[PDB]
*Asks:* 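Have a look at the structure that comes next, please.
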Amino acid sequence: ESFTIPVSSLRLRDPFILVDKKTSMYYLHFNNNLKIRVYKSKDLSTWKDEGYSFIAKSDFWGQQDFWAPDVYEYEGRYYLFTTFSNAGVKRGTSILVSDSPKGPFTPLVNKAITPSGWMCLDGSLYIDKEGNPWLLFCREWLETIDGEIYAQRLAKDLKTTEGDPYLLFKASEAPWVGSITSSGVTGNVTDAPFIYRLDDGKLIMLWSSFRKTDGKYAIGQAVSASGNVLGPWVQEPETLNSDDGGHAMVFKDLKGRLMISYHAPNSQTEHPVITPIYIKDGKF
Ligand SMILES: [Cl-]
Ligand SMILES: [Cl-]
Ligand SMILES: [Mg+2]
Ligand SMILES: [Mg+2]
């Protein structure tokens with residue numbers, strides 16, 4: 001196997017890195033225009049094209065978007081969380097499954113896991129201290145004005161949710177956030193919720209929006225000192241970054257080093273930034 005694609009040459013948004021111990025490889029699934037493409041790497045530095053991990057059949061509910069895939073290993077299988085929409089169906093995140101970290105994925109159920117009555121995106125998976133799965137998602141600011149982030153328990157098989165979605169916070173609660181104007185609306189974006197649990201049980205959430213100071217896309221963090229997914233979430237006043245980058249997640253590499261992965265800048269030349277990250281005084 002040859003890995004000839006330098007990480008510096010990658011052009012993509014919202015990079016989620018799957019660290020797969022089973023095959024001892026890293027996988028980067030990405031939106032490749034109405035399909036999900038997957039690249040593979042031994043070391044995060046050089047990459048190999050492994051083809052398409054998801055191409056929708058004509059009967060798939062969501063024929064549009066294919067935004068921001070995440071892939072999780074869960075109880076021996078692999079689950080792709082990607083956002084879609086269709087004529088006559090609101091945008092939402094749905095879950096697809098494969099026996100392999102590189103796909104092919106098939107729909108777990110043929111509908112969004114996010115609420116059908118809501119425009120939603122960026123559905124992600126958090127596994128809590130007891131091993132139980134949570135869905136985190138955004139309700140789009142074009143609908144809500146002040147963008148919203150929700151949590152909701154998932155059934156053990158990830159096919160359905162339990163209970164009602166719970167509103168964690170609105171984007172305006174973070175002091176660094178500034179409103180943007182698009183599609184006739186001025187409001188605050190919520191993108192990319194992702195929770196990392198610290199050894200003491202406290203939770204950090206990363207998420208993205210635009211900064212009030214300079215209009216840059218950015219990564220913000222919030223802390224739930226209670227260890228409760230539902231909060232209360234306390235927003236940190238400063239963004240992690242000033243490089244117009246966002247949609248971040250964190251992972252431990254094969255050596256156990258904590259890393260962050262996100263794209264920067266936010267237009268024209270978006271590329272993955274994958275770099276070590278550190279926890280100090282309970283936050284990033
Ligand atoms: Cl399909
Ligand atoms: Cl995983
Ligand atoms: Mg993502
Ligand atoms: Mg609102």
Side-chain angles (χ1 to χ4, degrees), residues 14-20 22-30 36 38-42 50-56 60-62 66 68-84 92-115 120-137 150-155 157-166 192-199 201 203-206 224 227-230 249-256 258-259 261:
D14 314 319
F16 185 104
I17 302 302
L18 169 65
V19 185
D20 186 50
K22 179 181 186 172
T23 62
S24 195
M25 288 284 184
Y26 301 97
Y27 299 80
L28 177 47
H29 295 257
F30 62 97
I36 306 304
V38 54
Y39 285 3
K40 185 180 75 181
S41 183
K42 295 174 174 183
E50 286 290 348
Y52 304 111
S53 60
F54 182 59
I55 308 282
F60 186 61
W61 76 269
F66 286 64
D70 288 6
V71 178
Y72 303 92
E73 193 279 341
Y74 177 82
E75 306 200 326
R77 303 193 71 188
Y78 299 85
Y79 296 82
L80 169 69
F81 283 55
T82 300
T83 296
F84 305 95
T93 301
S94 78
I95 300 172
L96 302 94
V97 64
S98 181
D99 289 344
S100 166
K102 61 178 193 55
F105 292 95
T106 62
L108 182 60
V109 299
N110 193 23
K111 63 178 166 192
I113 192 59
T114 52
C120 303
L121 51 77
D122 290 356
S124 67
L125 180 68
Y126 169 67
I127 305 299
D128 71 24
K129 188 203 155 153
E130 281 82 50
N132 294 315
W134 288 83
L135 174 72
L136 311 176
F137 66 90
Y150 288 84
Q152 193 173 11
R153 285 194 179 281
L154 288 164
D157 65 6
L158 311 186
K159 288 189 177 193
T160 61
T161 52
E162 301 183 352
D164 292 340
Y166 196 94
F194 189 84
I195 292 172
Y196 182 78
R197 182 178 67 255
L198 305 180
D199 289 354
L203 311 178
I204 305 174
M205 185 188 285
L206 299 179
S224 179
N228 194 337
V229 174
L230 305 186
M249 51 82 67
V250 297
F251 65 95
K252 289 181 169 176
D253 72 11
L254 294 172
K255 290 179 292 184
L258 192 67
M259 312 286 293
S261 174

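All heavy atoms count here, side chains included; hydrogens, waters and symmetry mates do not. Nothing fancy with the numbering, it's 1 onward along the sequence.
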*Asks:* Do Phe251 and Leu258 have side chains that approach each other closer than 4.5 Å (heavy atoms only, starting at C-beta)?
*Replies:* no
*Asks:* Counting C-beta onward and ignoring hydrogens, is there a side-chain heavy-atom pair between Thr161 and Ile113 closer than 4.5 Å?
*Replies:*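 Yes, at least one pair of side-chain atoms sits under 4.5 Å.
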*Asks:* For the residue pair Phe54 and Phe66, categorise the inter-ring angle as parallel (less than 30°), tilted (30 to 60°) or perpendicular (more than 60°).
*Replies:* parallel
*Asks:* Test side-chain contact (heavy atoms from CB on, under 4.5 Å) on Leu136 and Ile195; report intermediate values, then the result.
*Replies:* CA-CA 9 Å; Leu136 311 176; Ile195 292 172; 3.6 Å; yes
*Asks:* Between the side chains of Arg77 and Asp99, is the shortest nitrogen-to-carboxylate-oxygen separation below 4.0 Å, so that they form an ion pair?
*Replies:*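 Salt bridge between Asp99 and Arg77, a charged N being under 4.0 Å from a carboxylate O: yes.
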*Asks:* Output yes when a side-chain donor or acceptor of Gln152 lies under 3.5 Å from a complementary backbone atom of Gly163, and no otherwise.
*Replies:*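 Between the backbone of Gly163 and the side chain of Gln152 there is a qualifying donor-acceptor contact (under 3.5 Å).
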*Asks:* Restricting to side-chain contact (heavy atoms from CB on, under 4.5 Å), what partner residues turn up for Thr114, sequence neighbours left out?
*Replies:* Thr93, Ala112, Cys120, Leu135, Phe137
*Asks:* Nearest 0.5 Å, please: how far is OG in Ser53 from NZ in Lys40?
*Replies:* 13.5 Å
*Asks:* Are any non-hydrogen side-chain atoms of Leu203 and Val229 less than 4.5 angstrom apart?
*Replies:* yes
*Asks:* Would you check if the distance from the ring center of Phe105 to the ring center of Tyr52 is below 6.0 Å?
*Replies:*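 They do not qualify: ring centres at least 6.0 Å apart.
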*Asks:* Rounded to the nearest 0.5 Å, what separation is found between the CD1 atom of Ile36 and the CG atom of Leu80?
*Replies:* 6.0 Å
*Asks:* Just wondering, do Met205 and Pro193 contact through their side chains at under 4.5 Å, heavy atoms?
*Replies:*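 Sidechains of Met205 and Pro193: in contact.
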*Asks:* About how many Å separate CD of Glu75 and CG of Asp157, when rounded to the nearest 0.5 Å?
*Replies:* 9.0 Å
*Asks:* Would you give the length of the straight line joining atom CG of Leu96 to atom CG of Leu158, rounded to the nearest 0.5 angstrom?
*Replies:* 11.5 Å
*Asks:* Looking at residues at least two apart in the chain, or sitting in another chain, which of them share a ring pair (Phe, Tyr, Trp, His ring centres under 6.0 Å) with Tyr39?
*Replies:* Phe30
*Asks:* Answer yes or no: is there a donor N or O on one side and an acceptor on the other, between the side chain of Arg153 and the main chain of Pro165, under 3.5 Å?
*Replies:* no
*Asks:* For side-chain contact (heavy atoms from CB on, under 4.5 Å), just list the numbers for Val19 and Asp253, CA-CA rounded to whole Å, side-chain angles, deciding distance to a tenth of an Å, and then say yes or no.
*Replies:* CA-CA 7 Å; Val19 185; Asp253 72 11; 5.9 Å; no
*Asks:* Measure the CH2-CG distance between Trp134 and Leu154 for me, rounded to the nearest 0.5 Å.
*Replies:*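 These two atoms lie 9.5 Å from each other.
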*Asks:* Within this structure, what is the CG-NZ distance for the pair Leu18 and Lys102, rounded to the nearest 0.5 Å?
*Replies:*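 Result: 12.5 Å between the selected atoms.
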*Asks:* With a 4.5 Å limit on heavy-atom distance, are the side chains of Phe16 and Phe194 in contact?
*Replies:*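 Side-chain contact under 4.5 Å: yes.
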*Asks:* Are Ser94 and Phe60 packed together at the side-chain level, in the sense that at least one heavy-atom pair is separated by less than 4.5 angstrom?
*Replies:* yes
*Asks:* Are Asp70 and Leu125 close enough, and set up right, to give a side-chain contact (heavy atoms from CB on, under 4.5 Å), and what steps lead you there?
*Replies:* CA-CA 9 Å; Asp70 288 6; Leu125 180 68; over 6 Å; no
*Asks:* Does any N or O in the side chain of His29 come within less than 3.5 Å of the main-chain N or O of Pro101, such that one atom is a donor and the other an acceptor?
*Replies:*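 Here the side-chain-to-backbone pair exists.
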*Asks:* Test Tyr79 against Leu108 for side-chain contact (heavy atoms from CB on, under 4.5 Å), laying out the working first.
*Replies:* CA-CA 9 Å; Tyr79 296 82; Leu108 182 60; 4.1 Å; yes
*Asks:* Could you check if a side-chain atom of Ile204 sits within less than 4.5 angstrom of a side-chain atom of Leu198, using non-hydrogen atoms only?
*Replies:*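 When only atoms from C-beta onward are counted, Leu198 and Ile204 do touch, with a gap below 4.5 Å.
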*Asks:* Compare every heavy atom of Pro104 with every heavy atom of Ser98, then report the nearest pair and how far apart it is.
*Replies:* OG-O, 3.0 Å
*Asks:* Side-chain contact test, heavy atoms from C-beta onward, threshold under 4.5 Å: evaluate it for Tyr72 versus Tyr78 and give yes or no.
*Replies:* no
